[PDB]
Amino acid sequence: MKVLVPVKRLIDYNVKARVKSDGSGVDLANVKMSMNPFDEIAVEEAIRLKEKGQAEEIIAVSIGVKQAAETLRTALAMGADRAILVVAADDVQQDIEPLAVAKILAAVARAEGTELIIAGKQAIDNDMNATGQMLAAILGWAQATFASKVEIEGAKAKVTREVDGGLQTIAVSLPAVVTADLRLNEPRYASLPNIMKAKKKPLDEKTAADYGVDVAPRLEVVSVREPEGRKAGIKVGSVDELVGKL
């Protein structure tokens, strides 16, 4: 089967988002961008499936601005067979909504003939945690969210999910969308020769209109402010002074 892997380009998870002092948005202007942590997990799992003769091809897709290509090449470097880049935004500040992304991935998934999709749990930038589900919904497919282990076997998969309380294992029909939790696996690092090799792999630069999708925001962002800065904080000197400071 062909596995589809949606990956996103967003701020480096170690960088503290700075908020412009006029509610415009997070100042992404000069910050280090990288692949969404959850997506690297996704890729790594897809690749693992290939190494067991479950998947034949692995398509990596990313939607956003031109520079997203760097993220795709990183995926190709890890082991992805090919990539597709759907340009939809003209500036890094315009984050496209999970609804738009879902409708695009749905067209891509239908066109490339992918039978399994593996997305991250959530994008560490919008913290939406909704794309995968919206995708399964639009396609009319089963879904396994917050996957910790995926035992794909036959025309169905046994995926144990990281749920409140503990773990919950379910079984879904094969044409399904799976989202990865941070505990699914330990992603590999793209080595120099493979990064160079990745540079010669296919990467189809498409556009949102190619799939006949309107990337208009259902949610107008009126503003975005900095969170409440907490009041100082004292550094005490002994357990007594601690319990004795209320």
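All residue numbers are counted from 1 along the displayed sequence.
Averaged over their C-alpha atoms, the temperature factors of 182 to 190 and 35 to 43 are higher for 182 to 190. The stretch with the higher mean CA B factor, choosing between 161 to 169 and 114 to 122, is 161 to 169. Take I63, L49, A69, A29 and read off each C-alpha B-factor from the entry; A29 has the highest.
Annotation for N129: CA B-factor lies in the lowest third of the chain's modelled residues. Per the deposited record, the Cα B-factor of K2 falls in the middle third when ranked against the other modelled residues of its chain. Among all modelled residues in this chain, the alpha-carbon of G154 has a temperature factor (C-alpha) in the highest third. Placement of the Cα temperature factor of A198 within the chain: middle third of the modelled residues, per the deposited record. In this PDB entry, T145 carries a Cα temperature factor that places it within the lowest third of its chain's modelled residues.
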